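Visitor: take a look and give me a structure for this.
(9 chains)
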Amino acid sequence: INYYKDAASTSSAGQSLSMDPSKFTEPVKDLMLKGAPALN
Amino acid sequence: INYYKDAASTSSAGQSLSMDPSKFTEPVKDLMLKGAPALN
Amino acid sequence: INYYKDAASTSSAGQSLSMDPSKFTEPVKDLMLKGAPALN
Amino acid sequence: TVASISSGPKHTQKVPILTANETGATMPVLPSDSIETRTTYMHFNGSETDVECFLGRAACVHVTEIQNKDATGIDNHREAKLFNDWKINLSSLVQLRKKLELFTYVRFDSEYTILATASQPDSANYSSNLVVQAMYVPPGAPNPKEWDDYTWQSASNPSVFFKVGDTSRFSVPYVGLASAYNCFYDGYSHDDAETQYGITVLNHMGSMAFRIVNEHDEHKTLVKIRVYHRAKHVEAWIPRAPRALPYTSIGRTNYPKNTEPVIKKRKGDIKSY
Amino acid sequence: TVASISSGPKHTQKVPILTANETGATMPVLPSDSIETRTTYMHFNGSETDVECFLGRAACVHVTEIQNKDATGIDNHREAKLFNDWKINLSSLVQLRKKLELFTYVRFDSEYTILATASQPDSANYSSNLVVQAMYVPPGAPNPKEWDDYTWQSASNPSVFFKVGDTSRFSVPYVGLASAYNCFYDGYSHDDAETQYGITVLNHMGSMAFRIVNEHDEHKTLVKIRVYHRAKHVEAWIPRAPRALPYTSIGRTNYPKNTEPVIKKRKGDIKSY
Amino acid sequence: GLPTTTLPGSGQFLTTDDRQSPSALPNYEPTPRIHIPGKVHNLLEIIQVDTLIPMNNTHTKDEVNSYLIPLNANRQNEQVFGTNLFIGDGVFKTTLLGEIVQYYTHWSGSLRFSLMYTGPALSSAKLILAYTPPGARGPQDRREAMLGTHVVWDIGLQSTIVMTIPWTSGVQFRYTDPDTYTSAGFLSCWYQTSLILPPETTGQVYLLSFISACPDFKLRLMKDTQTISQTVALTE
Amino acid sequence: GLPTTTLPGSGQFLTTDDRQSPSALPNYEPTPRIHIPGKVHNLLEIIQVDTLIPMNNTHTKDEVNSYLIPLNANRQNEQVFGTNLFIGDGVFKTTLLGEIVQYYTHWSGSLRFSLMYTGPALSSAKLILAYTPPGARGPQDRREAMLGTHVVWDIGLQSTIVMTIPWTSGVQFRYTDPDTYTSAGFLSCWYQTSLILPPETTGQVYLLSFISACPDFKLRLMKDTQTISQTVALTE
Amino acid sequence: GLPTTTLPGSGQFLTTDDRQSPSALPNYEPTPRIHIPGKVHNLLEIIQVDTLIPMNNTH
Amino acid sequence: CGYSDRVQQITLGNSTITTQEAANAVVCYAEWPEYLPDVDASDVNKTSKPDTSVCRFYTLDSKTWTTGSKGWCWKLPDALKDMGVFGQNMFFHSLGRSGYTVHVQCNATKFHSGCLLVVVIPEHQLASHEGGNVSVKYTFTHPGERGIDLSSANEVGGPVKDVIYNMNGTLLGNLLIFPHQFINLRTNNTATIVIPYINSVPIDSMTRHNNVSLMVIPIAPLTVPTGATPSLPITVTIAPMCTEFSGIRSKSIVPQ
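Guide: Numbers count the residues shown, from 1 in each chain, chains lettered A, B, ... in the order given. Have a look at this structure:
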């Protein structure tokens, strides 16, 4: 329960469970599957 | 939730979303439409 | 009612009514009934 | 959540251990790809690794010292510390500045805690029951000139009254003009051969002017006001390389000359353990 | 719950009073097995005998003394008590250490209370309105070197600000790497003929560095900080023999030479009452 | 601003109050728990385990013989041993049951006292364990001991006897510290007929005495124990 | 007046407590958010990115050659490089993974170690990356290294190898700071057969070593890092 | 006695905090409101009115 | 079904680049460039889209990779502000918006050895060589097609060129967090990195503010075979995409 009206008072959001490390680990145009030759 | 009975204790009303700048910008008797000649 | 989100804040659990002193008093392989000869 | 899957001997043409880093991709090779692994579970969520917790814990980010005394005859008050003002910057303390610089853009509503402690090294029979007025100064608000200036009214300037030792707690929504703070601004405020680089509108959030409003006692009470800050509603973008060299300035990545090595040299050749 | 059941004269071949302790079992022989008992009820639950209550009450577990003064000219500050640090150990106070050692493994989230009191034996006109900064130091966190070190920012190190006399109250989830604390560790951290026995990763939880952040007054205020601890979410395993000899160290069951007898010698022969 | 009124005693630190607390380690996750054998939920589970009593508490220094009750052959109508039932002092002060009881001020329930014979297998002997409820002096003879609660022990294939000391008290709970009003009574053992040893055997045979609590045992009102001490805060 | 009782520790400033707060800017509206690429929600997403390791950490000053592992041709049964697995110190102290780990006290999971060959395309060489779990000394020969977890690297069209260091520990979490009890082991590389360079080529060829965390990596118990310092509050 | 814990910054006077307050004039009744022309609800309504600019600012 | 992942062709406007030993193109943060949607615009003037005129491969002056070269750094759109009509659309407005498709070229035989680090560092605010509180002068950070040669001598107002510290105080080994690609002479000769518009605002200035910076840092030293020229040409080709400009204005006046 909040005691104030404006959003500056609300508490933190906790944790963002929506993870997606692909944008940083595999920022490649063509799809690369584990095991298959990276270049062919 | 309020902790007191009299209206001097209640909190502010926040924001009055009901706006009407026409009374200050167009306080004219006859209606003036944008684009049409102001005087004719 | 809790005032915090993380489990480090919750109160104690009270009492664990699930008791089982047999594991400490009778940690024997074969079952031993009161009255019957312990060894035969 | 499964941590490691069960995998036995592998004799196939698919080599998950061989790749080409020239593509710039990091293949998510798991332990089951190189050895025989058993079924294990994570038993871990990662709540403390989120940007909201990594950057969202209260910490000291600035400090100053002032006094409350008989100010008679001190023409230059502010420069004599009858009240001191600090430009809000999250880049003056290094242990939080580095965490903030780990990313290029950060959006957050802030939380401030102003810690003042009363003290008297010189002869002083007691420590007054002070009431500190903390004031927010937006860009344009009259940068006060004296401890008794026409500004302390605080009609539009936010003010918080409180006694020394106890702290104020006010929240600030994200006050940037962009969608986040420009942790790195590879750009100038305008096109001039004499303008400052990096430090621009995105950097200046105003300033905090510290004082006491109580009329003076019989002695100098040198007050040191330490400021603490927690980040709220933290959102991060464009992760960057960790800070290696220290800082000398605010908002500038400039470093000193002949800086000391950061890599721990080995004891012996490369083959030593 | 029934305490004692009704039982009259017993003339049978089943002898519940005769057994063989060579089996290692404790037969639950009741009073109704040896005499004639009446119907009685327990009227008792045993809420205060649970491990959560036996080990989960706040108590003092460590203490130190420090000062807040003009620190000018004291090259070695920490060793001069301008700030003192204590390695977290539940084995420095004996009346709680024994209760904790009654078992081999204990898992608990902790509760700490740091009690500081202001005092001035020497000439001092008042007792300052202090604001004590209590700081948690995880393994690796920079063990501060001076009262004004780059650590007190507390960006990742937990900090709690509070005035002397009043106490902080922060909870700590179970910070062990195992599923419990190794109350007894019949094992070494690694295989070396010069390593320490027992005291290992399981023992070191960090340390608590005590200080004051207020700038000095005109006198030495010798502060004694007593630390109190309550155990929460207590779970116990592998009950052990009660502690008989006292301690000399933390985490070690080593005792002194020529220790005093613990068994109360009788007054007379074995037949005396 | 919610109007509130601070009741007397606000801001005090009570060493027994169990309240909530904000944590300085947000989003932390305690290690996932694993199965560990021998989990203890209540002290009443471990206190029921038999432990050797230093009944032969007549040595200059602590020795293993302190737990060995000496027996002599060819002894008729003679006492074996005698002890009070102050479980928080005396011979029981050092036992597990006594150590757990010393952490509490009040105790109730029945006690389990057992003796195990360790002499030769070809030996024969009959002993009588007699419990003397409070109010009467310690038995000075066998005829006076046998008037109260007693159990005749026939030593044979069964090497251990289990005599449960019945709860015989007016008040619901007795004090753990030695007190006259809450005295538990006296415990003694006597030679029923005699101790007969087989040929080619000499010396004394010894009994091992055990103490354990019954499932009807009670403890409350925790207190600080006097079995451990400290005068210098500990360093590594 | 709602009766209340102030619990111990009231009015304290805890550097980790996350509570509500009244705002001094009423009716303010935070800027509407826009789409910005590369949003970071958790450090476990960015820590899995490969970063060059200064494996050749034998220079007087920091140089680009520190990340270049020198290789010599015509070398049989010889070591390439050797390093401990204290990710919070040594060669890994400066890497992104190590920098992120130093902000925490406990770490767990498997590490991803990769080597990329940069020599001539007409060159042939076979290397064996060997991981030595804790408890045993660092391998001094190839026969001792190949007994543990190892991956034979055949240098060909595939220029990069990816050897995942498996999580082999008794305790669930290791300490980030160098500690004996929570040692991660040792990592070394050896020449399998030899390094063969094509004609008209001389000098040494170099390998680029990468370090990244697996999706099963864990971090907790944040702490202050020792890689940055300050002794004078900053001015413009 | 409801157990409470005073958070940091208790008892401070913030010049922007809008909270409730007990009144020292109980049972008072504010005057009944009347119609007054030109009511201003937001400054964005009056700021849109044309005003002469001192463009010839060279005197 | 037979194809190859190293044979790639990128056609933009009237320019076409062909390659047969290219690595999988890197899309920075898996976000392709897209036109500014109306839901985020803050300026009121309508944007002009010189789609075909400016979105083409512009080849920059090739660099000489020697055994002692430290690296090269380019700023965008600064690197293309003197290139045809793109430079005019960049100057004659107060702001601009456009993506970039970087294409680095470095070919060699199977005998050469070396590795180049092609990395895109958004908001690469460089460090000055004088320290203290010195600034870096606009005249240097905005070279144009010239770029910044990290092996040359420092001039008053140009940032420091210590390639080890990435000219900003970060170690070279940590630049891999950014979208990058290695040009390994044995495996790859041409790198491709599609760079979208990265900024905290929907639109920002394009003359005084450079969103991204391209760097080519040789990691492994160039080891040419015995008797070969100790130099290899590095040609950088950048192609704008999704270009936008707002507020056609009197020409932006830069020094010189």
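Visitor: what is the neighbour count of the closest residue to chain C within the stretch 51-200 of chain D?
Guide: Closest to chain C within the stretch 51-200 of chain D is residue D:53: 10.3 Å, counting by Cβ to the nearest Cβ. From N, CA and C alone the C-beta is placed, and that goes for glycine too. Using other Cβ atoms under 10 Å in any protein chain shown, residue D:53 has 25 neighbouring residues.
Visitor: now residue I:88: which helix or strand?
Guide: Here residue I:88 sits within helix I:84-91, counting by DSSP states H and E.
Visitor: just the buried positions in that helix, please.
Guide: Neighbour-count burial for helix I:84-91 flags I:86-91 (criterion: 16 or more other Cβ atoms under 10 Å in any protein chain shown).
Visitor: okay, now the nearest residue to residue F:45 once chain neighbours are set aside: neighbour count?
Guide: Nearest residue to residue F:45 in three dimensions, chain neighbours excluded: residue C:21, at 3.9 Å (Cβ to Cβ, 6 or more residues apart in numbering or on different chains). Neighbour count for residue C:21, taken as other Cβ under 10 Å: 20.
Visitor: residue C:21 and residue D:78, how far apart?
Guide: Look at residue C:21 and residue D:78: by Cβ to Cβ, to the nearest Å, they are 75 Å apart.
Visitor: got the contact list for whatever residue of the stretch 101-250 of chain I ends up closest to chain F?
Guide: Nearest residue of the stretch 101-250 of chain I to chain F, counting by Cβ to the nearest Cβ: residue I:177, 23.0 Å away. For residue I:177, the contact set (Cβ atoms under 8 Å, 6 or more residues apart in numbering or on different chains) comprises A:24, D:239-241, G:46, G:49, G:51, G:96.
Visitor: quick one: it from chain E, how far?
Guide: Between residue I:177 and chain E the distance is 20 Å, computed by Cβ to the nearest Cβ, to the nearest Å.
Visitor: what's that residue sitting at in phi/psi?
Guide: phi -60, psi -30 (degrees, to the nearest 10).
Visitor: same thing with residue I:65?
Guide: phi -90, psi 110.
Visitor: cool, and the one 10 residues further on?
Guide: Backbone geometry at residue I:75, expressed as degrees, to the nearest 10, gives phi -110, psi 140.
Visitor: quick check: closest non-adjacent residue to residue I:105.
Guide: residue I:235 (4.1 Å).
Visitor: circling back to that earlier point, name the SS class of the residue of the stretch 51-200 of chain D closest to chain C, please.
Guide: Under DSSP: H, G, I helix; E, B strand; the rest coil, residue D:53 falls in the helix class.
Visitor: check the secondary structure at the nearest residue to it once chain neighbours are set aside for me.
Guide: Nearest residue to residue D:53, sequence neighbours excluded (Cβ to Cβ, 6+ apart): residue F:27, at 4.4 Å. Using three-state DSSP, the structure places residue F:27 in coil.
Visitor: could you pull up the residues touching residue F:27?
Guide: A:14-15, C:6, D:46-50, D:52-53.
Visitor: please see if the longest strand seen in chain F touches chain E.
Guide: Looking across chain F with DSSP state E, the single longest strand is strand F:186-196. Yes - for a cut-off given as Cβ under 8 Å from any Cβ of the partner chain, strand F:186-196 has contacts with chain E, namely F:186, F:188.
Visitor: could you do stretch D:123-138 as well?
Guide: Yes - counting by Cβ under 8 Å from any Cβ, chain E is contacted by stretch D:123-138 at D:123-127.
Visitor: who wins for neighbours among the residues you listed?
Guide: residue D:127 (23 neighbours).
Visitor: what about that one, distance to chain B?
Guide: 35 Å.
Visitor: mind listing what that residue touches?
Guide: Counting by Cβ under 8 Å, 6+ apart, residue D:127 has contacts D:118-120, D:221, E:126, E:128-129, E:217.
Visitor: circling back to that earlier point, got a list of contacts for the helix holding residue I:88?
Guide: Under Cβ under 8 Å, 6+ apart, the answer for helix I:84-91 is I:48, I:50, I:53-54, I:58, I:77, I:80-81, I:96, I:206-207, I:240, I:243, I:245, I:251-252, I:254.
Visitor: got the residues of chain A near chain D?
Guide: Counting by Cβ under 8 Å from any Cβ, the residues of chain A that sit close to chain D are A:6-9, A:12-16, A:24-28, A:32, A:34-36, A:38-39.
Visitor: and if we set it to 7 Å?
Guide: Proximity of chain A to chain D (Cβ under 7 Å from any Cβ of the partner chain) is limited to residues A:7-9, A:12-13, A:15-16, A:24-28, A:32, A:34-36, A:38-39.
Visitor: of these, which belong to helices?
Guide: A:24-25 (DSSP state H).
Visitor: so which of the residues of chain A next to chain D reach chain G?
Guide: Answer for those near chain G (Cβ under 7 Å from any Cβ): A:8-9, A:12, A:16, A:24-25.
Visitor: now restrict those to buried residues only.
Guide: Buried, going by 16+ other Cβ under 10 Å: A:8-9, A:12, A:24-25, out of these.
Visitor: and the strands in the stretch 151-273 of chain D?
Guide: D:159-162, D:170-172, D:181-182, D:207-212, D:223-239 (DSSP state E, counting those that start in this stretch).
Visitor: turn those into a markdown table, including mean neighbour count and distance to residue G:174.
Guide: Shown next, in a markdown table, are the strands of the stretch 151-273 of chain D (neighbours: other Cβ atoms under 10 Å in any protein chain shown; distance: least, Cβ to Cβ, whole Å):
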| stretch | mean neighbour count | distance to residue G:174 |
| --- | --- | --- |
| strand D:159-162 | 21 | 45 |
| strand D:170-172 | 24 | 39 |
| strand D:181-182 | 24 | 35 |
| strand D:207-212 | 23 | 43 |
| strand D:223-239 | 23 | 24 |
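Visitor: and chain A, which of those strands is closest to it?
Guide: strand D:170-172 (4.0 Å).
Visitor: what lies in contact with the closest one?
Guide: Outside strand D:170-172, the residues that touch it by Cβ atoms under 7 Å, 6 or more residues apart in numbering or on different chains are A:8-9, D:109-112, D:160, G:21-25, H:14.
Visitor: name the residues of the stretch 1-150 of chain I found near chain G, please.
Guide: Counting by Cβ under 7 Å from any Cβ, the stretch 1-150 of chain I sits next to chain G at I:28-29, I:31, I:40, I:110-115, I:133.
Visitor: next, the closest residue to residue F:106 other than its chain neighbours: phi, psi?
Guide: Leaving out its chain neighbours, the residue that sits closest to residue F:106 by Cβ to Cβ, 6+ apart is residue F:173, at 4.2 Å. Phi and psi for residue F:173, reported as degrees, to the nearest 10, are phi -140, psi 140.
Visitor: next, count neighbours for residue F:173.
Guide: So residue F:173, with other Cβ under 10 Å, has 18 neighbours.
Visitor: redo the contacts of residue D:127 as TSV? Include secondary structure.
Guide: Formatted as TSV, the contacts of residue D:127 follow (three-state DSSP):
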residue	secondary structure
D:118	coil
D:119	coil
D:120	coil
D:221	coil
E:126	coil
E:128	coil
E:129	coil
E:217	coil
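Visitor: Three-state assignment for the closest residue to chain B within chain A, please.
Guide: Closest residue of chain A to chain B, Cβ to the nearest Cβ: residue A:5 (6.6 Å). Assigned by three-state DSSP, the conformation of residue A:5 is coil.
Visitor: if we can go back for a sec, for residue F:226, see how far away the residue nearest to residue F:106 is.
Guide: 20 Å.
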